$ cat entry.txt   # compact mmCIF, C-alpha atoms and all ligand atoms
# COMPACT_ATOMS: atom_id res chain seq x y z
CA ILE A 878 -42.73 -8.63 34.45
CA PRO A 879 -46.22 -10.18 34.07
CA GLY A 880 -49.22 -10.21 36.37
CA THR A 881 -49.69 -12.96 38.94
CA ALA A 882 -53.28 -13.86 38.03
CA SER A 883 -53.12 -13.87 34.22
CA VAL A 884 -49.88 -15.84 33.76
CA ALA A 885 -51.97 -19.00 34.07
CA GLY A 886 -53.99 -17.64 31.15
CA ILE A 887 -50.99 -17.98 28.84
CA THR A 888 -51.12 -21.50 27.42
CA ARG A 889 -49.65 -21.76 23.91
CA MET A 890 -47.05 -20.04 21.73
CA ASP A 891 -47.23 -17.40 18.99
CA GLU A 892 -51.00 -16.91 18.91
CA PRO A 893 -51.85 -13.79 16.87
CA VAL A 894 -53.37 -10.83 18.71
CA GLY A 895 -56.38 -10.73 16.40
CA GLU A 896 -57.37 -14.33 17.07
CA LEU A 897 -56.70 -13.95 20.80
CA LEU A 898 -58.94 -10.90 21.17
CA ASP A 899 -61.58 -12.39 18.85
CA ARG A 900 -61.77 -15.45 21.11
CA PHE A 901 -61.88 -13.15 24.15
CA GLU A 902 -64.95 -11.40 22.72
CA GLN A 903 -66.50 -14.61 21.33
CA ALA A 904 -66.63 -16.01 24.86
CA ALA A 905 -69.07 -13.25 25.84
CA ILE A 906 -70.77 -13.55 22.44
CA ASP A 907 -71.64 -17.18 23.16
CA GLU A 908 -72.55 -16.38 26.77
CA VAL A 909 -75.08 -13.75 25.68
CA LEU A 910 -76.42 -15.78 22.74
CA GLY A 911 -77.09 -18.67 25.14
CA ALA A 912 -80.00 -16.65 26.53
CA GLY A 913 -81.83 -16.92 23.19
CA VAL A 914 -81.69 -13.30 22.01
CA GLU A 915 -81.29 -12.77 18.28
CA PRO A 916 -79.14 -9.86 17.07
CA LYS A 917 -80.32 -6.79 15.21
CA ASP A 918 -78.89 -5.51 11.93
CA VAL A 919 -76.75 -2.39 12.40
CA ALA A 920 -74.83 -0.37 9.83
CA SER A 921 -71.62 -0.08 11.86
CA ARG A 922 -70.26 -0.57 15.38
CA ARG A 923 -70.35 3.03 16.64
CA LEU A 924 -74.07 3.94 16.44
CA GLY A 925 -73.73 7.22 18.30
CA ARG A 926 -76.80 9.18 17.23
CA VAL B 635 -55.89 -7.54 28.69
CA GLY B 636 -52.15 -7.04 29.12
CA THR B 637 -50.55 -10.25 30.35
CA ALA B 638 -52.41 -12.77 28.17
CA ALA B 639 -51.09 -11.05 25.01
CA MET B 640 -47.36 -11.33 25.77
CA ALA B 641 -46.83 -14.70 24.05
CA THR B 642 -48.49 -13.45 20.86
CA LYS B 643 -46.88 -14.03 17.47
CA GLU B 644 -46.49 -10.31 16.73
CA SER B 645 -44.92 -9.64 20.13
CA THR B 646 -41.14 -9.16 20.20
CA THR B 647 -40.42 -11.00 23.46
CA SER B 648 -37.60 -13.51 23.23
CA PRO B 649 -38.64 -17.04 22.19
CA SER B 650 -37.02 -18.37 25.36
CA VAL B 651 -38.89 -15.66 27.27
CA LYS B 652 -42.13 -16.74 25.59
CA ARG B 653 -41.53 -20.41 26.42
CA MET B 654 -40.72 -19.56 30.04
CA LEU B 655 -43.83 -17.38 30.25
CA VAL B 656 -45.97 -20.24 28.94
CA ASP B 657 -44.38 -22.71 31.36
CA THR B 658 -44.97 -20.70 34.54
CA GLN B 659 -48.41 -20.88 36.15
CA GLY B 660 -49.12 -18.11 38.64
CA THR B 661 -51.15 -17.84 41.82
CA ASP B 662 -54.63 -16.55 42.61
CA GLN B 663 -53.79 -15.19 46.08
CA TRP B 664 -51.83 -12.08 46.99
CA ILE B 665 -48.03 -12.26 47.12
CA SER B 666 -46.22 -10.61 50.01
CA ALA B 667 -43.45 -8.17 49.15
CA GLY B 668 -40.08 -9.86 48.72
CA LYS B 669 -41.61 -13.35 48.56
CA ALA B 670 -42.44 -15.79 45.77
CA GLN B 671 -45.45 -18.06 45.25
CA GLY B 672 -46.22 -20.43 42.38
CA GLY B 673 -43.27 -19.38 40.24
CA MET B 674 -44.33 -15.75 40.69
CA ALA B 675 -42.57 -13.18 42.87
CA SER B 676 -43.14 -9.61 44.04
CA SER B 677 -40.16 -7.33 44.70
CA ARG B 678 -39.49 -3.60 44.93
CA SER B 679 -38.24 -1.37 42.12
CA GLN B 680 -35.37 1.12 41.83
CA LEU B 681 -37.43 3.85 43.53
CA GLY B 682 -39.05 1.41 45.99
CA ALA B 683 -42.30 0.72 44.13
CA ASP B 684 -43.43 -2.90 44.17
CA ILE B 685 -43.10 -4.99 41.00
CA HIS B 686 -44.48 -8.32 39.81
CA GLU B 687 -41.83 -10.70 38.49
CA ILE B 688 -41.39 -14.33 37.52
CA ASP B 689 -39.27 -16.28 39.99
CA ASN B 690 -35.97 -16.48 38.09
CA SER B 691 -32.33 -15.61 38.76
CA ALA B 692 -32.85 -11.91 38.01
CA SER B 693 -35.79 -11.80 40.42
CA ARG B 694 -33.72 -13.53 43.11
CA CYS B 695 -30.92 -10.99 42.63
CA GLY B 696 -33.41 -8.13 42.85
CA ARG B 697 -34.90 -9.50 46.07
CA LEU B 698 -31.42 -9.91 47.55
CA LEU B 699 -30.55 -6.32 46.63
CA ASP B 700 -33.79 -5.15 48.25
CA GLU B 701 -32.74 -7.11 51.33
CA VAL B 702 -29.34 -5.39 51.21
CA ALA B 703 -29.94 -1.90 49.79
CA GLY B 704 -30.18 0.90 52.35
CA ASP B 705 -26.96 0.31 54.31
CA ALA B 706 -23.38 0.44 53.04
CA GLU B 707 -22.18 -1.93 55.77
CA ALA B 708 -24.89 -4.40 54.74
CA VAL B 709 -23.51 -4.29 51.19
CA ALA B 710 -19.97 -4.78 52.48
CA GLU B 711 -20.91 -7.76 54.67
CA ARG B 712 -22.29 -9.91 51.82
CA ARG B 713 -20.44 -8.40 48.86
CA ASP B 714 -19.34 -11.64 47.17
CA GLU B 715 -22.82 -13.18 47.35
CA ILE B 716 -24.16 -10.04 45.64
CA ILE B 717 -21.45 -10.34 42.97
CA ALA B 718 -22.47 -13.94 42.25
CA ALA B 719 -26.16 -13.00 42.22
CA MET B 720 -25.57 -10.30 39.59
CA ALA B 721 -23.28 -12.63 37.63
CA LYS B 722 -26.25 -14.99 37.34
CA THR B 723 -28.41 -12.29 35.68
CA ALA B 724 -28.25 -10.34 32.40
CA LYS B 725 -26.99 -7.15 34.11
CA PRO B 726 -23.84 -8.46 35.78
CA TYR B 727 -21.37 -6.60 37.96
CA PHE B 728 -18.43 -5.06 36.12
CA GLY B 729 -14.92 -6.27 36.94
CA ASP B 730 -12.85 -4.83 39.76
CA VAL B 731 -11.99 -1.67 37.85
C1 LIG A 1001 -45.42 -5.91 31.25
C2 LIG A 1001 -46.44 -4.88 31.62
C3 LIG A 1001 -46.16 -3.54 31.42
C4 LIG A 1001 -47.10 -2.57 31.75
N1 LIG A 1001 -46.81 -1.24 31.55
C5 LIG A 1001 -47.75 -0.29 31.88
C6 LIG A 1001 -47.47 1.06 31.69
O1 LIG A 1001 -46.39 1.40 31.23
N2 LIG A 1001 -48.41 2.01 32.02
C7 LIG A 1001 -49.63 1.61 32.54
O2 LIG A 1001 -50.47 2.45 32.84
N3 LIG A 1001 -49.91 0.28 32.74
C8 LIG A 1001 -48.98 -0.67 32.41
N4 LIG A 1001 -49.27 -2.00 32.60
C9 LIG A 1001 -50.59 -2.41 33.17
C10 LIG A 1001 -51.62 -2.56 32.05
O3 LIG A 1001 -52.14 -1.30 31.72
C11 LIG A 1001 -52.76 -3.48 32.47
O4 LIG A 1001 -53.38 -2.98 33.62
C12 LIG A 1001 -52.22 -4.88 32.75
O5 LIG A 1001 -51.41 -5.29 31.67
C13 LIG A 1001 -53.33 -5.89 32.96
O6 LIG A 1001 -52.77 -7.06 33.50
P1 LIG A 1001 -53.58 -8.45 33.50
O7 LIG A 1001 -53.40 -9.10 32.15
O8 LIG A 1001 -53.04 -9.35 34.58
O9 LIG A 1001 -55.04 -8.19 33.73
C14 LIG A 1001 -48.33 -2.95 32.27
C15 LIG A 1001 -48.61 -4.29 32.47
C16 LIG A 1001 -47.67 -5.26 32.14
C17 LIG A 1001 -48.01 -6.70 32.36
$ encode --input "entry.txt" --output "structure tokens"
Amino acid sequence: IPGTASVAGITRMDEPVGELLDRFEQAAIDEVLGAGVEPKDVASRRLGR
Amino acid sequence: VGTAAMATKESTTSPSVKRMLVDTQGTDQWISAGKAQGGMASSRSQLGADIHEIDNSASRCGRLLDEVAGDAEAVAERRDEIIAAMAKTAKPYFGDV
């Protein structure tokens, strides 16, 4: 019972969830970094205050 | 992301299920109810809600039942075909009790 659009996304076998999601996010990481914007140093990922 | 993470190593889907999922390539357009496109099919559920399925024997049996369900005489007309369809799936019809 998968979705019709994302079945074509599945390509290989037994790829760990961590690597899969890391690549998912790294796509946007590279897309944003292509604009030439350096990152800023932050203590953690939440940064609520 | 739900679908892209099915064939993951930590997932408990059957290895044959994982291989079949990798093999099938779906469509980008909408799929009409009860029809199949690009190895992908859309059929109704037990309560009538629509479902997305891969085009396999179980999906074919489900679509046939959707074609048939709703009339006892319709079930009686094509009973043996329905028996064979279930016998092809993993939830087969019991014997003639
Ligand atoms: C096999 C499967 C089971 C799902 N079960 C639920 C569910 O129980 N409850 C829910 O709210 N969404 C459920 N979803 C939908 C997901 O929340 C999510 O919208 C979907 O996996 C995204 O599909 P996509 O990878 O094609 O973008 C399910 C999706 C799939 C593929």
$ interface_residues --input "entry.txt" --of "chain B" --to "chain A" --cutoff "7 Å" --atoms "all atoms listed in the file" --output "ChimeraX atom specification"
/B:637-639,641-644,656,658-662,674,686-688
$ atom_distance --input "entry.txt" --atom1 "atom CA of residue B:646" --atom2 "atom CA of residue A:903"
26.0 Å
$ residues_around --input "entry.txt" --residues "stretch 713-726 of chain B" --least-positions-apart "3" --cutoff "9 Å" --atoms "only C-alpha atoms" --output "compact mmCIF listing (two decimals) with C-alpha atoms, in the frame of the given file"
# COMPACT_ATOMS: atom_id res chain seq x y z
CA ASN B 690 -35.97 -16.48 38.09
CA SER B 691 -32.33 -15.61 38.76
CA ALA B 692 -32.85 -11.91 38.01
CA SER B 693 -35.79 -11.80 40.42
CA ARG B 694 -33.72 -13.53 43.11
CA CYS B 695 -30.92 -10.99 42.63
CA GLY B 696 -33.41 -8.13 42.85
CA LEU B 698 -31.42 -9.91 47.55
CA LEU B 699 -30.55 -6.32 46.63
CA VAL B 702 -29.34 -5.39 51.21
CA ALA B 708 -24.89 -4.40 54.74
CA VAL B 709 -23.51 -4.29 51.19
CA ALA B 710 -19.97 -4.78 52.48
$ closest_residue --input "entry.txt" --among "B:697, B:685, B:679, B:653" --to "ligand LIG 1001 (chain A)" --atoms "only C-alpha atoms and all ligand atoms"
B:685
$ atom_distance --input "entry.txt" --atom1 "atom CA of residue B:705" --atom2 "atom CA of residue B:678"
16.1 Å
$ atom_distance --input "entry.txt" --atom1 "atom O1 of ligand LIG 1001 (chain A)" --atom2 "atom CA of residue B:655"
19.0 Å
$ closest_residue --input "entry.txt" --among "B:636, B:689, B:727, B:704" --to "residue B:671" --atoms "all atoms listed in the file"
B:689
$ axis_aligned_box --input "entry.txt" --around "stretch 910-920 of chain A" --padding-each-side "8 Å" --output "lines of an AutoDock Vina configuration file"
center_x = -78.3
center_y = -9.5
center_z = 18.2
size_x = 23.0
size_y = 34.3
size_z = 32.7
$ closest_residue --input "entry.txt" --among "B:650, B:645, B:680, B:666" --to "ligand LIG 1001 (chain A)" --atoms "only C-alpha atoms and all ligand atoms"
B:645
$ decode --input "entry.txt" --residues "chain B" --atoms "C-alpha atoms" --output "PDB file, in the first residue's frame"
ATOM      1  CA  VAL B 635       8.287  11.164   3.769  1.00  0.00           C
ATOM      2  CA  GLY B 636       6.363   7.911   4.084  1.00  0.00           C
ATOM      3  CA  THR B 637       6.732   5.875   0.907  1.00  0.00           C
ATOM      4  CA  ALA B 638      10.447   6.413   0.230  1.00  0.00           C
ATOM      5  CA  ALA B 639      11.322   4.864   3.620  1.00  0.00           C
ATOM      6  CA  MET B 640       9.598   1.493   3.133  1.00  0.00           C
ATOM      7  CA  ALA B 641      12.609  -0.307   1.630  1.00  0.00           C
ATOM      8  CA  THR B 642      14.838   0.788   4.516  1.00  0.00           C
ATOM      9  CA  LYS B 643      17.097  -1.685   6.288  1.00  0.00           C
ATOM     10  CA  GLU B 644      15.373  -1.253   9.658  1.00  0.00           C
ATOM     11  CA  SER B 645      11.914  -1.719   8.123  1.00  0.00           C
ATOM     12  CA  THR B 646      10.251  -5.098   8.648  1.00  0.00           C
ATOM     13  CA  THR B 647       8.654  -5.460   5.213  1.00  0.00           C
ATOM     14  CA  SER B 648       9.260  -8.815   3.566  1.00  0.00           C
ATOM     15  CA  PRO B 649      12.427  -9.019   1.424  1.00  0.00           C
ATOM     16  CA  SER B 650      10.277 -10.116  -1.513  1.00  0.00           C
ATOM     17  CA  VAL B 651       7.975  -7.189  -0.712  1.00  0.00           C
ATOM     18  CA  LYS B 652      10.988  -4.856  -0.666  1.00  0.00           C
ATOM     19  CA  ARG B 653      12.270  -6.178  -4.003  1.00  0.00           C
ATOM     20  CA  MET B 654       8.826  -5.833  -5.584  1.00  0.00           C
ATOM     21  CA  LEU B 655       8.519  -2.298  -4.193  1.00  0.00           C
ATOM     22  CA  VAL B 656      11.889  -1.380  -5.698  1.00  0.00           C
ATOM     23  CA  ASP B 657      10.956  -2.921  -9.054  1.00  0.00           C
ATOM     24  CA  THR B 658       7.666  -1.066  -9.533  1.00  0.00           C
ATOM     25  CA  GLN B 659       7.799   2.494 -10.864  1.00  0.00           C
ATOM     26  CA  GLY B 660       4.629   4.490 -10.326  1.00  0.00           C
ATOM     27  CA  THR B 661       2.849   7.230 -12.229  1.00  0.00           C
ATOM     28  CA  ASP B 662       2.752  11.008 -11.917  1.00  0.00           C
ATOM     29  CA  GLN B 663      -0.885  11.433 -13.001  1.00  0.00           C
ATOM     30  CA  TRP B 664      -4.040  10.646 -11.058  1.00  0.00           C
ATOM     31  CA  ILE B 665      -5.374   7.081 -11.073  1.00  0.00           C
ATOM     32  CA  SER B 666      -9.100   6.533 -11.520  1.00  0.00           C
ATOM     33  CA  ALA B 667     -10.851   4.373  -8.941  1.00  0.00           C
ATOM     34  CA  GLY B 668     -10.757   0.682  -9.799  1.00  0.00           C
ATOM     35  CA  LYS B 669      -8.084   1.154 -12.483  1.00  0.00           C
ATOM     36  CA  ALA B 670      -4.330   0.602 -12.658  1.00  0.00           C
ATOM     37  CA  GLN B 671      -1.577   2.692 -14.247  1.00  0.00           C
ATOM     38  CA  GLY B 672       2.170   2.086 -14.319  1.00  0.00           C
ATOM     39  CA  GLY B 673       2.100  -0.917 -12.008  1.00  0.00           C
ATOM     40  CA  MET B 674       0.056   1.139  -9.527  1.00  0.00           C
ATOM     41  CA  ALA B 675      -3.651   0.706  -8.816  1.00  0.00           C
ATOM     42  CA  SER B 676      -6.364   2.458  -6.818  1.00  0.00           C
ATOM     43  CA  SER B 677      -9.220   0.443  -5.307  1.00  0.00           C
ATOM     44  CA  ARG B 678     -11.768   0.849  -2.520  1.00  0.00           C
ATOM     45  CA  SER B 679     -11.421  -0.418   1.044  1.00  0.00           C
ATOM     46  CA  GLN B 680     -13.654  -2.509   3.301  1.00  0.00           C
ATOM     47  CA  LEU B 681     -15.747   0.542   4.239  1.00  0.00           C
ATOM     48  CA  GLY B 682     -15.588   2.014   0.716  1.00  0.00           C
ATOM     49  CA  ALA B 683     -12.669   4.415   1.173  1.00  0.00           C
ATOM     50  CA  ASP B 684     -10.209   4.528  -1.716  1.00  0.00           C
ATOM     51  CA  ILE B 685      -6.790   2.892  -1.320  1.00  0.00           C
ATOM     52  CA  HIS B 686      -3.506   3.022  -3.227  1.00  0.00           C
ATOM     53  CA  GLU B 687      -2.109  -0.403  -4.100  1.00  0.00           C
ATOM     54  CA  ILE B 688       0.539  -2.002  -6.277  1.00  0.00           C
ATOM     55  CA  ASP B 689      -0.914  -3.894  -9.234  1.00  0.00           C
ATOM     56  CA  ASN B 690      -0.570  -7.484  -8.012  1.00  0.00           C
ATOM     57  CA  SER B 691      -2.852 -10.497  -7.561  1.00  0.00           C
ATOM     58  CA  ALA B 692      -4.246  -9.224  -4.253  1.00  0.00           C
ATOM     59  CA  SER B 693      -5.044  -5.858  -5.840  1.00  0.00           C
ATOM     60  CA  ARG B 694      -6.767  -7.592  -8.761  1.00  0.00           C
ATOM     61  CA  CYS B 695      -8.858  -9.656  -6.343  1.00  0.00           C
ATOM     62  CA  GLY B 696      -9.788  -6.523  -4.402  1.00  0.00           C
ATOM     63  CA  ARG B 697     -10.844  -4.705  -7.567  1.00  0.00           C
ATOM     64  CA  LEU B 698     -12.929  -7.707  -8.631  1.00  0.00           C
ATOM     65  CA  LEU B 699     -14.629  -7.794  -5.224  1.00  0.00           C
ATOM     66  CA  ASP B 700     -15.343  -4.066  -5.509  1.00  0.00           C
ATOM     67  CA  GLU B 701     -16.866  -4.811  -8.914  1.00  0.00           C
ATOM     68  CA  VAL B 702     -18.972  -7.563  -7.326  1.00  0.00           C
ATOM     69  CA  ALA B 703     -19.714  -6.429  -3.762  1.00  0.00           C
ATOM     70  CA  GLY B 704     -23.120  -4.847  -3.212  1.00  0.00           C
ATOM     71  CA  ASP B 705     -25.374  -7.527  -4.734  1.00  0.00           C
ATOM     72  CA  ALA B 706     -25.785 -11.146  -3.637  1.00  0.00           C
ATOM     73  CA  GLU B 707     -26.860 -12.227  -7.125  1.00  0.00           C
ATOM     74  CA  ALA B 708     -23.718 -10.596  -8.534  1.00  0.00           C
ATOM     75  CA  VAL B 709     -21.648 -12.719  -6.142  1.00  0.00           C
ATOM     76  CA  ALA B 710     -23.580 -15.840  -7.146  1.00  0.00           C
ATOM     77  CA  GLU B 711     -23.148 -15.217 -10.886  1.00  0.00           C
ATOM     78  CA  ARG B 712     -19.326 -15.186 -10.828  1.00  0.00           C
ATOM     79  CA  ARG B 713     -18.658 -17.235  -7.692  1.00  0.00           C
ATOM     80  CA  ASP B 714     -15.943 -19.525  -9.087  1.00  0.00           C
ATOM     81  CA  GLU B 715     -13.958 -16.635 -10.574  1.00  0.00           C
ATOM     82  CA  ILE B 716     -14.028 -14.982  -7.143  1.00  0.00           C
ATOM     83  CA  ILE B 717     -12.844 -18.239  -5.548  1.00  0.00           C
ATOM     84  CA  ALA B 718      -9.886 -18.409  -7.932  1.00  0.00           C
ATOM     85  CA  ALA B 719      -9.092 -14.725  -7.380  1.00  0.00           C
ATOM     86  CA  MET B 720      -8.915 -15.207  -3.611  1.00  0.00           C
ATOM     87  CA  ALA B 721      -6.944 -18.434  -4.051  1.00  0.00           C
ATOM     88  CA  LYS B 722      -4.317 -16.354  -5.854  1.00  0.00           C
ATOM     89  CA  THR B 723      -3.882 -14.034  -2.837  1.00  0.00           C
ATOM     90  CA  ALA B 724      -2.642 -14.466   0.746  1.00  0.00           C
ATOM     91  CA  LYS B 725      -6.181 -14.389   2.215  1.00  0.00           C
ATOM     92  CA  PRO B 726      -7.779 -17.268   0.315  1.00  0.00           C
ATOM     93  CA  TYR B 727     -11.327 -18.551   0.510  1.00  0.00           C
ATOM     94  CA  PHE B 728     -11.899 -21.345   3.023  1.00  0.00           C
ATOM     95  CA  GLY B 729     -13.053 -24.730   1.758  1.00  0.00           C
ATOM     96  CA  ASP B 730     -16.694 -25.605   1.210  1.00  0.00           C
ATOM     97  CA  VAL B 731     -17.407 -26.033   4.912  1.00  0.00           C
TER      98      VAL B 731
END
